[PDB]
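To start, the structure itself, in structure tokens.
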Amino acid sequence: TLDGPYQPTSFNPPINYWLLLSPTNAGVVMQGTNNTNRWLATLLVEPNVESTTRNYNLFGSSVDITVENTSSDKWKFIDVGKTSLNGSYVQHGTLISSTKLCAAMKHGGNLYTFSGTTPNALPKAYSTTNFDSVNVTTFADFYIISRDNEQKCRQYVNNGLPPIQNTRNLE
Ligand SMILES: CC(=O)N[C@H]1[C@H](O[C@H]2[C@@H](O)[C@@H](CO)O[C@@H](O[C@H]3[C@H](O)[C@@H](O)[C@H](O)O[C@@H]3CO)[C@@H]2O)O[C@H](CO)[C@@H](O)[C@@H]1O[C@@H]1O[C@H](CO)[C@H](O)[C@H](O)[C@H]1O[C@@H]1O[C@@H](C)[C@@H](O)[C@@H](O)[C@@H]1O
């Protein structure tokens with residue numbers, strides 16, 4: 029099977045698969061909802077950004093969110109979520125990254141993302157509800173990696189993708 033890249037799309041990912049996103053621009057990298065109690069997204073902020081309110085298109089709504097990135101040279105992914113249709117978005121985990129890659133996976137009812145600072149970022153779980161039915165819309169090219177191959181996804185998130193579109197053959 030070919031892990032990617034695949035172009036931006038919407039689907040409801042099966043459990044036990046990492047989605048590895050390779051965004052080009054700051055903004056909304058991906059979003060997802062179960063239409064009941066979770067509306068989630070990952071934001072990307074470029075290096076060297078003072079506290080500033082930016083507009084983000086989340087599920088078609090214009091949402092103002094105050095962000096910052098005090099890293100002088102690394103990009104910052106920010107996990108955000110709300111827990112009701114009209115609730116406020118809250119910022120949770122962050123990933124400080126020199127590779128510009130982030131990832132998410134549904135497993136065991138939890139939603140895993142990477143957090144920390146590359147090259148030592150690790151998957152951490154969100155477990156405030158059962159996330160198995162949350163879908164995704166990606167706004168960047170992405171790769172699909174099984175949990176059985178989680179070590180590949182950790183390696184890419186922390187150290188970068190290969191220089192050729194052959195991740196299928198490269199570990
Ligand atoms: C395998 C492990 O120890 N941690 C991996 C974790 O596995 C946990 C999930 O299956 C989770 C789902 O609910 O269940 C955990 O069991 C917990 C329950 O979470 C908790 O509710 C209950 O009360 O207590 C039990 C305790 O037994 C599982 O342990 O899944 C993560 C997402 O895949 C994964 O990232 C994590 O992998 C480990 O990560 C740590 C760093 O935090 C180290 O790097 C480990 O080396 C790494 O394990 C390695 O990767 C995992 C995916 C698997 O391939 C391992 O065989 C491998 O050594």
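The sequence shown runs contiguously to residue 199 in our numbering. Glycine residues also receive a C-beta, built at the ideal position from the N, C-alpha and C atoms.
Leaving out the 5 sequence neighbours to the left and right, which residues in its chain are closer than 6 Å to residue i when beta-carbon positions are compared?
i    : result
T61  : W67
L139 : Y154, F159
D101 : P75
Whole angstroms are fine: how far does the CA of residue j sit from the CA of residue i?
i    : j    : result
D92  : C181 : 31 Å
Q183 : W46  : 13 Å
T122 : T29  : 31 Å
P75  : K104 : 7 Å
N186 : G137 : 25 Å
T98  : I124 : 10 Å
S161 : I43  : 9 Å
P191 : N177 : 20 Å
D107 : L198 : 29 Å
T141 : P147 : 15 Å
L150 : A132 : 11 Å
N53  : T156 : 30 Å
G109 : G115 : 9 Å
By the DSSP assignment, the beta strand (DSSP E) with residue i in it spans what residues?
i    : result
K134 : 130 to 135
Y45  : 45 to 49
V185 : Run containing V185: none in the beta strand (DSSP E); it sits in the alpha helix (DSSP H), 178 to 187.
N138 : 138 to 145
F170 : 170 to 174
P151 : 150 to 154
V57  : 55 to 61
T165 : 164 to 166
What are the partner residues of residue i, as DSSP defines its beta bridges?
i    : result
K104 : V73, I124
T81  : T94
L198 : Paired residues: none, contrary to the question.
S112 : None, per the DSSP bridge assignment.
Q119 : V108
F39  : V164
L68  : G60, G109
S89  : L86
So, for residue i: in the same chain, excluding its five sequence neighbours on each side, which residues have a beta-carbon less than 8 Å away from its beta-carbon?
i    : result
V57  : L49, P51, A69, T70, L71, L72, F105, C130, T166, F167, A168
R196 : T29, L30, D31
Among the residues of its own chain, which have a CB less than 7 Å from the CB of residue i, if the five just before and after it don't count?
i   : result
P41 : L47, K134, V164
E78 : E96
Considering only heavy atoms of ligand 3, does any lie closer than 7 Å to the CB of residue i?
i    : result
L123 : Looking at this structure, you won't find ligand 3 anywhere; what it does contain is ligand 1.
Next item on the list: Could you tell me whether the stretch 75 to 90 touches the stretch 31 to 40, using the rule of 3 or more Cβ pairs below 8 Å?
Entry: no
Item checked: Three or more C-beta pairs below 8 Å linking the stretch 161 to 173 and the stretch 89 to 107 -> no
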